[PDB]
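Those sequence lines, one after another, are chains U, B, C, L and X. For the first sequence, the numbering used here assigns the number 31 to the initial residue and increments by one for each residue that follows. For the second sequence, the numbering used here assigns the number 2 to the initial residue and increments by one for each residue that follows. For the third sequence, the numbering used here assigns the number 1411 to the initial residue and increments by one for each residue that follows. For the fourth sequence, the numbering used here assigns the number 1411 to the initial residue and increments by one for each residue that follows. For the fifth sequence, the numbering used here assigns the number 1411 to the initial residue and increments by one for each residue that follows. In this text, a Cβ means the ideal position worked out from N, Cα and C, and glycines have one as well. Below you'll find the structure, written out as structure tokens, and then a few comments.
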Amino acid sequence: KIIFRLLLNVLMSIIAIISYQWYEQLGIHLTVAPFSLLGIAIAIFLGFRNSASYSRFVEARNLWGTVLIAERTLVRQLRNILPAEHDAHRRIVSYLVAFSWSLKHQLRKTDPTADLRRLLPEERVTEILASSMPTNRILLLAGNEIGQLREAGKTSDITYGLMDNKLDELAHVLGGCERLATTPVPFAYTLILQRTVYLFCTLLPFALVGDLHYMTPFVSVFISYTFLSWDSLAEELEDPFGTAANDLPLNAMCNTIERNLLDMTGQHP
Amino acid sequence: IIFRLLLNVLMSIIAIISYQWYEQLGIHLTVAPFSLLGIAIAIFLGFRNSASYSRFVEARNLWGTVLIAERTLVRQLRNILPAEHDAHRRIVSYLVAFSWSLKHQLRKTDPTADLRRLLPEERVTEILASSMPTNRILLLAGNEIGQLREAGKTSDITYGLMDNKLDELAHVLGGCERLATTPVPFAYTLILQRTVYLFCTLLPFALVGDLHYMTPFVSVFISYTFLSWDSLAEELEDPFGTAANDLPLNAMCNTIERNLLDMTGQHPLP
Amino acid sequence: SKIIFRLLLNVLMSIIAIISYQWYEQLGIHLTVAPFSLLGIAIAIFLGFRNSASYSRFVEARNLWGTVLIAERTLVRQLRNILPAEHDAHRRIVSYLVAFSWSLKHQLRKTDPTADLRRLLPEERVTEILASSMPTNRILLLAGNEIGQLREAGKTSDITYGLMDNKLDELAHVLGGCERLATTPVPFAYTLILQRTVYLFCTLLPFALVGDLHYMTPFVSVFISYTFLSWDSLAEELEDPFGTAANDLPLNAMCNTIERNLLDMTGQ
Amino acid sequence: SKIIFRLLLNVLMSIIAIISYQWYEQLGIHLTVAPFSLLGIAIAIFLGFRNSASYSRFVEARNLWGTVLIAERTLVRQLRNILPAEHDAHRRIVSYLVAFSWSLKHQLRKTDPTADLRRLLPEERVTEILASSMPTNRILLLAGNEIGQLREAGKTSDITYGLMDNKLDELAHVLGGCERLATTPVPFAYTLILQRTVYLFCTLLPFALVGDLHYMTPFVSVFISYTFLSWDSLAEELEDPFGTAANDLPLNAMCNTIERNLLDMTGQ
Amino acid sequence: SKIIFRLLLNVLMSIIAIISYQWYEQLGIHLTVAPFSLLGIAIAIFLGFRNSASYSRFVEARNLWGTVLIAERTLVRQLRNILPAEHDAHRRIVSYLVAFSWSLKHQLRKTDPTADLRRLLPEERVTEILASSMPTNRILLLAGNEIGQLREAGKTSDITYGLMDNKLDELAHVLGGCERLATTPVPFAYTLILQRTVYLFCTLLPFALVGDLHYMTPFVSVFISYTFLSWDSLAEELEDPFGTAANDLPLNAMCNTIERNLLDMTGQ
Ligand SMILES: [Zn+2]
Ligand SMILES: [Zn+2]
Ligand SMILES: [Zn+2]
Ligand SMILES: [Zn+2]
Ligand SMILES: [Zn+2]
Ligand SMILES: [Zn+2]
Ligand SMILES: [Zn+2]
Ligand SMILES: [Zn+2]
Ligand SMILES: [Zn+2]
Ligand SMILES: [Zn+2]
Ligand SMILES: [Zn+2]
Ligand SMILES: [Zn+2]
Ligand SMILES: [Zn+2]
Ligand SMILES: [Zn+2]
Ligand SMILES: [Zn+2]
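Spelled out as structure tokens, the structure:
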């Protein structure tokens, strides 16, 4: 990965050293002052870009953090307002749990058919999978469970609207996660930075060899490691729903959500 | 942008063959002053690009709310009034019409073809007669919500629940209008774009003393780094502007229309 | 602006440094570029963060006025969908909302709102507004009465009353925001430090450049000075958003768009 | 200024640097500008972030105080709109809201609230307020009882009670926000050591600049010193917006505006 | 912290660079200052952004605990204004709220919350709370049962039940926030990369500075090392706001202030 290019940068230094003997046999000079200017501007641009990536990562963590909050209070409101409708308690929790797993499959571009059948009846699974957005359909079914208790006079419009806002909050999370996934800036994330940091890292030893007869690979790999490590960190934080090392553990976050919702409805795993 | 890189290579070749006659005229160009100028320009480019990225992000959040507000409004209709299927299809029309009309407004394109597809020509003429057609569609959508209230089909509580979604839409409309007008740097972005253009063309004359024949290669690498970062802030400053990328705006209006058709049992086929 | 004046004074400083270049080593005064690159970089950093504060504040002023259009649009829409038979109460409330916009413009510009208020309101209400030490705030209080009368007359439930009252709370957050922006600018210490250092650094620059540049001193010292001055002047023209300059907010055109919007919704 | 003493103390070090430059090679002390350019730019970067964080505390503090004027403006308006006859209730609540502002100012300034409290409230309540742990929270609870007494008396429905109740919640969020900015500043390691670093870099710069600028050392080294020192001491001021510095918030003027607003003539 | 040991190692790395500068020619190692300025400045830029992210994380944790005090204050105030007679619910709800604060404290600190919980609640509720793997969430559910009973008993309307329910929603968002901060830290690649690069840069620097500074190497080197290491440790000590150091949030002091505030609003 990054060590593979760190090794290549060492070979370019070796190329720049053994070919430094034939430098004067050509009209080439490479001072370090121009590469200090270029390198500093790249560092500034990497500093701002890396900052924008971390902002996405925090927003993704926050959006998933709201899933746990909204689904907790929706179950809490269901208990305090309607403590005797335990049938709706189980059915709504199964929709809320399915919403979390289906959102994970949505952001991961995987098949939710396994987790859907585990939690919901088959007639519901076919209705949910047949939608252009199954997570949106799950919120609709959860709203029908809330809304059917309203038609039965079991809850007022006020206490209905109280629970409605929780579904409204989940919808904002779904729209927010959908936004973060389908929002890549144009190819400037690679056209500008992926090329330049690479091209600057491999051309740097050819300019550093004039000052340092043999210390070039040490200094060049140190600068190349500093720049490449900062740039590669930005790529990981840019896509927080992937399977990288520094990406959101979505499977663990969904297990915590199902554990919470079952702990509130008196069910032991 | 490639044209200005060929101009830069041509200026480097000029600075090489002309490097003879600088002697004794007293015209010496070092690298330290141009290194100070370049680092300063890079700082301003970084701050400018930061404000541009923020405008691009706010544009995404506004259109994201369009998808959210229209989904929850249709969901509230099915959960509260599951039997009023005629009111369903009417309100779904205006919400889909609101999305396309808003896109055509930001892109200064004609919304007539999209409006005729979704709404009857009586309402299409009323919408196209108003100077603010996107606001007119919101008013018509409210008249459907208000008619369900006067008909005694919705309480004042549930009317307020749906009314809040039209408020989320109206906040988006005004937000996109505020972004659509030319931004806060009143034609001052043309100065910083030319400051970069002049710095990249005066650079090979400063570098040729230290680099000689390596000037066309190092000067074009620096010019490309500066010209690419500037042109990026140009694309971000104008998310709805002329000659922008219509893919995400078209995909969003298509996504919401598909969603609402699915939520109203219209899309799958019998 | 005066930016083109200080560019010419910078040209004169380049000429002084070019011809006085001789007596430097005699008096012992040398000026290299290296310490000026340190100072010029720290000034560019501080210039960047300062312009960031000026940018964010100009955006906030644009956001506030954008809310006036939104809240008045929806408050009129709600009156239509809820009380379509009350056409008389429509025009009474729309006139107050239009007056609120114009009075907020005249307040932020310190101009006379008496002319616009008499165009939209009866003289009894104009006297009531202009008698208050905070006339714009009194306009909201009168708009709250038209909403309140509809509630006490039984034509509006407390629920739908609360839906309309919230729009007046949005207008109340705009009034306080504009007042806060108008009385609290970016601290003077920022514009005091940078104005001094940028100007002193631009004039001393040809002295520290002539040793390396010679006859290229004027064509480079101006280029560098034009970069710092244009950036410092960008904040000069972004710190007065409520004014009447070319780069200020078009509050007159904004107040016209609002009055044009609210009359399109009420069929006038 | 707080810098005017340290600026002159730096000019003394520049004289110590110029007299002892030929004696560098006799004592074996070569000094260049390149290392101090690295150290200076790193401090300028850290100063830019530090100063930016301090201005954020200033903006939030000004915004928190702006909400007080907005929330108390509308709370009086809703009383005047929903219960236009309860002028005795209007008066009692307006006095509590004005006492809330002066009490919060004295809380953030650590001054005595007994003065402004007796100016606005009966003595039976000045004792109940001064005897509480948090007196500002005590004023809010008394303002809440007035809204609650109107509700238990049937004069106010649960819907219009919640409208006014939310305005007091907005005031409680301002109290918690000001307590936050006050009772926990920036970490002291920020200000403690960053002050050390800028001073030492300013008083060692002429020893490294004298070689390049043999006699221009005092000027260029005080120009750089003024730039770095004016930025640090300004960030030091903005960290404490509720303080009494020159660039802090005018809390006494703001409380005057709130009072002049609410008791405009009678009941706003 | 342990920064003093890293400075003395740098003083040893400088004398090793001085006693070994002779064999630079024989071993064929050249080291100029120009590349170490590009590296150091880039390290400084990344340090400035990283330190900036750590400060905002500390501030978010500070704001979360600020919301606890605000929400618990207004929930007690709303009870005294809506149900001034129902004191059986006053004492139970206040005890549940104070238990929420202490449970959250021990949760972020990973300490035993039994002592504080039994000091506030009966055993049949202390056992149920500690029997759950989410004890702090269970305290909110029990607090909801109190508000829910008052509504079912006909003592509050659904409107007033909704007004109080939105305070438990506010407390639920704080719990999710603190958990999200405690579990999900600043991505470890920041401390991974920057600590490697800063430490290696401070040891290699005297070998590049000794060619220009000679015997002045240890002073300028340990100065630059002190600046970089202090800024790096400052970001490290801001990344853990729920720690036990004096540098972190005084969670014990905040929970004492909350328990005093709620017991004061109920006259205890
Ligand atoms: Zn919530
Ligand atoms: Zn149950
Ligand atoms: Zn919504
Ligand atoms: Zn239908
Ligand atoms: Zn479809
Ligand atoms: Zn609104
Ligand atoms: Zn009408
Ligand atoms: Zn102006
Ligand atoms: Zn408000
Ligand atoms: Zn009154
Ligand atoms: Zn001398
Ligand atoms: Zn609150
Ligand atoms: Zn009590
Ligand atoms: Zn009892
Ligand atoms: Zn134990």
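Item: Local conformation of residue 1439 of chain L per DSSP, three classes; Value: coil
Item: Cross-strand partners of residue 135 of chain U (DSSP beta bridge); Value: Answer by DSSP bridge pairing: none, since residue 135 of chain U is not bridged.
Item: Where residue 217 of chain U falls, given that 16 or more other Cβ within 10 Å makes a residue buried; Value: exposed
Item: Under 8 Å (Cβ pairs) to chain X, residues found in the region 1587-1602 of chain L; Value: 1587, 1589, 1590, 1594, 1597, 1599 and 1600
Item: Identity of the residue in C:1563, C:1491, C:1591 and C:1528 nearest residue 149 of chain B by Cα; Value: C:1491
Item: Beta-bridge pairing of residue 1624 of chain C - partner residues as DSSP gives them; Value: B:28
Item: Span separating the alpha-carbon of residue 1594 of chain L from that of residue 252 of chain U; Value: 40 Å
Item: C-beta atoms of residue 1369 of chain L and residue 1475 of chain L nearer than 8 Å; Value: No information on residue 1369 of chain L is available, as it lies outside the stretch 1411 to 1678 that chain L covers here.
Item: Interface partners of residue 1624 of chain L on chain C, CB under 7 Å; Value: 1438 and 1440
Item: Under 5 Å, CB to nearest heavy atom of ligand 2: contacting residues; Value: U:116 and U:119
Item: The region 1567-1578 of chain L in contact with the region 1554-1571 of chain X per 3-pair CB rule at 8 Å; Value: yes
Item: Chain-ordered neighbours of residue 1607 of chain X on chain U, where CB pairs are closer than 7 Å; Value: 256
Item: Burial state of residue 76 of chain B, where buried means 16 or more other Cβ atoms lie within 10 Å; Value: buried
Item: Below-8 Å beta-carbon distance, residue 1517 of chain C vs any chain B residue; Value: no
Item: Within-8 Å CB hit, residue 200 of chain B to chain U; Value: no
Item: Chain-ordered chain C contacts of residue 1454 of chain L [CB-CB under 7 Å]; Value: 1451, 1452 and 1455
Item: Neighbouring residues, chain C, relative to residue 161 of chain B (Cβ below 9 Å); Value: 1569, 1570, 1572 and 1573
Item: Proximal residues, the region 137-169 of chain U versus chain B, C-beta separation under 8 Å; Value: 160, 161, 162, 163, 166, 167 and 169
Item: Alpha helix (DSSP H) segments (min. 4 residues) lying fully within the region 1598-1649 of chain C; Value: 1598-1623 and 1627-1646
Item: Neighbour list for residue 1458 of chain C in chain B, Cβ cutoff strictly below 8 Å; Value: 44, 45, 47 and 48
Item: Buried/exposed call for residue 106 of chain B, threshold 16 Cβ in 10 Å; Value: buried
Item: From L:1630, L:1653, L:1643 and L:1656, residue whose alpha carbon lies closest to that of residue 1461 of chain L; Value: L:1643
Item: Alpha helix (DSSP H) runs contained entirely in the region 1419-1478 of chain X, provided each spans 4 or more residues; Value: 1433-1437
Item: Neighbourhood of residue 1601 of chain X by C-beta distance below 8 Å, restricted to the same chain and skipping five residues each side; Value: 1646 and 1649
Item: Residue 1542 of chain L (DSSP reduced to helix, strand or coil); Value: coil
Item: Validate contact between the region 1616-1632 of chain L and the region 1421-1432 of chain L using beta carbons, cut 8 Å, 3 pairs; Value: yes
Item: Classification of residue 13 of chain U by the beta-carbon crowding that lies within 10 angstroms, buried from 16 upward; Value: For chain U, the structure presents residues 31 to 299; residue 13 of chain U sits outside this window and is missing.
Item: Nearest-angstrom Cα separation, counted from residue 1527 of chain L out to residue 1534 of chain L; Value: 11 Å
Item: Where the region 101-131 of chain U meets chain X: residues whose CB sits under 8 Å from a CB there; Value: 102, 103, 106, 107, 109, 110, 111 and 113
Item: Residue interval of the alpha helix (DSSP H) (run including residue 1664 of chain C); Value: 1661-1675
Item: CA nearest to the CA of residue 1581 of chain C, picked from L:1603, L:1525 and L:1483; Value: L:1483
Item: Exercise answer, beta-carbon shell around ligand 11 heavy atoms below 7 Å; Value: C:1438, L:1428, L:1431, L:1620, L:1624 and L:1625
Item: Cβ of residue 1463 of chain X within 8 Å of any chain U Cβ; Value: yes
Item: Contact with chain C by residue 1430 of chain L, beta-carbon distance below 8 Å; Value: no
Item: Sequence-distant residues of its chain with Cβ nearer than 7 Å to residue 1607 of chain L (five each side left out); Value: 1453
Item: Beta carbon of residue 1485 of chain C nearer than 8 Å to that of residue 1507 of chain C; Value: yes
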